[PDB]
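For reference, the chains in residue letters:
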Amino acid sequence: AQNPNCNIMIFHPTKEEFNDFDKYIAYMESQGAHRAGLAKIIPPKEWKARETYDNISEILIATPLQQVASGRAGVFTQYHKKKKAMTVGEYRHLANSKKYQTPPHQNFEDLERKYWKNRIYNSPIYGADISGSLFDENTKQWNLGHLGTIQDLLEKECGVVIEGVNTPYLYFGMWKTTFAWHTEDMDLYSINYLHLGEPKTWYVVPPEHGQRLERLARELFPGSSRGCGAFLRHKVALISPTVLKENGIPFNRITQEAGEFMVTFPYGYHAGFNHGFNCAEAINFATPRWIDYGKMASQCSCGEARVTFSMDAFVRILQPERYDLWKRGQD
Ligand SMILES: Cc1nc2ccccc2c(=O)[nH]1
Ligand SMILES: O=C(O)CNC(=O)C(=O)O
Ligand code: NI
Ligand SMILES: [Zn+2]
């Protein structure tokens, strides 16, 4: 078996290899990349997402989210407090202000130490889940707005035609902005391109060990666990690498820099934080290997994790037995 220790693999495709997206994902998996839950892809030196990022300041962040923490440094939840709209230019200025800017640090490891020591004592503001794309329409390779759709994948694999669409989301981050432990909707893949700015550090649990993380989460957030059989779907729980190690949870870490892609694989739990002002673009996608994960994906039915229009059809077709109870949480 390839990659038995479930290490995060890093790929350097040639421009020729960068033409066929599906084929390269399949290649990565043939090398065992999916066992880690996360892979890095460094694009060919000839490739660019777009010409410049000089004219992005007038993008609107309609609902910036202030991420307020509760708990202890290594085991906490965050809730999102809605703030007034601001442009990306205004957001960048805020990110760089004395209150929010990245502190002096020696290296990525030093900054990681500072993050887990001090994150809960601050409330950074995130521009998340903004529908849109920063890929030039003339960028033909690995353009996250031009991928084959999950709906068409389901149709190709299973022969059923369904409603729904599948578009990218932009994320504007600052120091300490945080993404909680989660797998994707319906345990889909995700692909994430860091367009511009400071790095993003990722943590990931191998898919074959996802249930170990779930068990620890139930122990660490016992009230949440009683309230919902899949509360990590709420995307609000954080557990530090120190606490993961103390509890023997297998995981890996890696830092993504501007110009690099990350792919998360089905049922690969991940979490992380931004180093400073940045912009990422991400979208879910599927492959034939995803279908069995989609069938088995655990759902939030307590209702906290609202399920999108498009995910309705996934549950309806792949999980017909759960559909009724699960749609009540939606309604
Ligand atoms: C990144 C990582 N380091 C470890 C060190 C000791 C024991 C376990 C781990 C682990 O799961 N991940
Ligand atoms: O970048 C973020 O804040 C969150 N991204 C993801 O969880 C992802 O790409 O799957
Ligand atoms: Ni994700
Ligand atoms: Zn729930």
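Regarding the protein, the UniProt comment filed under Subcellular location reads as follows: "Nucleus". Looking at the protein in UniProt, the text filed under Sequence similarities is "Belongs to the JHDM3 histone demethylase family."

1. Some remarks on the sheet that holds strand β1 (residues 9–11)
Pairing is mixed in the open sheet, where ten strands are placed in the order β1-β2-β14-β10-β16-β8-β7-β4-β5-β12. Edge strands, defined here as strands with exactly one partner in the open sheet, are β1 and β12 (237–239). When the angles between neighbouring strand axes are averaged without regard to direction, this sheet yields 25°. Bridge analysis of strand β5 (residues 75–82) against β12 gives three bridges, and the strand direction is antiparallel. Across the sheet, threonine 77 pairs through a bridge with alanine 237, a residue of β12.

2. Regarding the site of ligand 2
Every residue lining ligand 2 is accounted for by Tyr126, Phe179, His182, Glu184, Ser190, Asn192, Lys200, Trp202, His270 and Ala282. Within the side chain of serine 190, an N or O atom sits 2.7 Å from an oxygen atom of ligand 2. Here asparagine 192 contributes a side-chain N or O atom positioned 3.1 Å from an oxygen atom of ligand 2. The fraction of the free accessible surface of ligand 2 (290 Å²) that becomes covered by protein chains is 94%. Of the residues that constitute the shell around ligand 2, the class distribution is four nonpolar, four polar and two charged.

3. Notes on the coordination of the zinc ion (ligand 4)
The protein atoms that coordinate the zinc ion (ligand 4) are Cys228 (SG), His234 (NE2), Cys300 (SG) and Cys302 (SG), at distances spanning 2.1 to 2.3 Å. Expressed as a motif, the donor residue spacing for the zinc ion (ligand 4) is C-x5-H-x65-C-x1-C. Of this pair, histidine 234 sits in the loop between α6 (222–227) and β12 while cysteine 302 sits in the loop between α8 (290–296) and α9 (309–318), and the two are 68 residues apart along the sequence. On the basis of relative accessible area, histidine 234 is assigned to the partly exposed category, the value being 23%.

4. Digging into the packing of α9 against helix α10 (residues 320–330)
Running from N to C, α9 and α10 cross one another at 150°; their axes reach a closest spacing of 7 Å. Judged on the interaxial angle alone, α10 and α9 are roughly antiparallel. Contacts between α9 and α10 involve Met311, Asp312, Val315, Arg316, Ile317 and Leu318 on the former and, on the latter, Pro320, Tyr323, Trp326, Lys327 and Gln330. In the contact of α9 with α10, the residues fall into seven nonpolar, one polar and three charged.

5. Here we look at the pairing of strand β4 (residues 65–72)
Where β4 lies against β5, eight bridges are found, and the strand directions are antiparallel. Bridge assignment links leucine 65 to a residue of β5, and that residue is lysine 82. Hairpin remark: β4 followed by β5, antiparallel, with two residues in the connecting loop. In this structure, β4 lies alongside strand β7 (residues 125–131), joined through two bridges in antiparallel fashion. Looking at the pairing, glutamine 66 lines up with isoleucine 125 of β7.

6. What to know about the packing of aromatic side chains
The final tally for this structure, using the stated rule, is 32 aromatic pairs. On the basis of an interplanar angle of 65° and a centroid distance of 6.2 Å, the ring pair of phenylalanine 221 and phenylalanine 231 is categorised as edge-to-face. You can see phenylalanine 221 sitting in the loop between α5 (210–220) and α6 and its partner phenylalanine 231 sitting in the loop between α6 and β12, a full ten residues away along the chain. A single burial state applies to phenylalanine 221 and to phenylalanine 231, both of which are buried. Sitting over the ring of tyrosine 53, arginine 50 keeps its end group 5.9 Å from the ring centre.

7. Some remarks on the packing of helix α4 (residues 150–158) against α9
Running from amino to carboxyl end, α4 crosses α9 at an angle of 20°, the nearest separation of the two axes being 11 Å. Between α4 and α9, the angle falls in the class roughly parallel. The two elements α4 and α9 cross, and the hand of that crossing is left-handed. When α4 is examined against α9, the residues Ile150, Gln151 and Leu154 are found in contact with a partner set consisting of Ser310, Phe314 and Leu318.

8. Remarks on the UniProt feature "binding site: Fe cation" in the protein
Those residues carrying the UniProt feature "binding site: Fe cation" are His182, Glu184 and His270 in this numbering. For the annotated residues, spread through 89 residues, the largest C-alpha to C-alpha distance comes to 9.1 Å, consistent with a single compact locus. When only the residues just named are considered, the second largest pocket is lined by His182. In this view, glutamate 184 contacts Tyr189, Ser190, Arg233, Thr264, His270 and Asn284; residues no more than four positions away in its chain are not counted. Residue contacts for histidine 270: discarding those within four places in its chain leaves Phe179, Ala180, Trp181, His182, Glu184, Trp202, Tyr203, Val204 and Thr264.

Each value, and the rule that gives it
Residues numbered from 1 in each chain as written, not as in the entry; some residues may be left out. Chains lettered and ligands numbered in written order. Heavy atoms only, no water. Residues with missing side-chain atoms left out of burial classes, pairs and counts. UniProt positions renumbered as here; feature names shortened; annotations may be inferred. Pairing = 2+ DSSP bridges. Helix = DSSP H or I, 4+ residues; strand = E, 2+ residues; numbered from the N terminus. Axes fitted to C-alpha atoms, helices over the stretch in contact; angles between N-to-C directions. Near = heavy atom within 4 Å. Polar contact = N/O pair within 3.5 Å; in protein donor to acceptor, adjacent residues only side chain to side chain. Areas by Shrake-Rupley, 256 points an atom, 1.4 Å probe, with all protein chains shown as cover. Nonpolar A, V, L, I, M, F, W, Y, C, P; charged D, E, K, R; others polar. Donors = N, O, S within 2.8 Å, 3.2 Å for Na, K, Ca; no water. Buried < 20%, exposed > 50% of the residue type's maximum accessible area, 1.4 Å probe, protein only. Parallel < 35°, antiparallel > 145°, perpendicular 65-115°, else oblique. Contact = heavy atoms within 4.5 Å. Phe/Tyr/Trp six-rings, centres within 6.5 Å; stacked < 30°, edge-to-face > 60°. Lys NZ or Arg CZ within 6 Å of the ring centre and 35° of its normal. Left-handed = near helix turned anticlockwise from the far one by under 90°. 1 Å grid on protein atoms, 1.4 Å probe; cavity = no way out; pocket = protein on both sides within 12 Å on 5 of 7 lines; lining within 4 Å.

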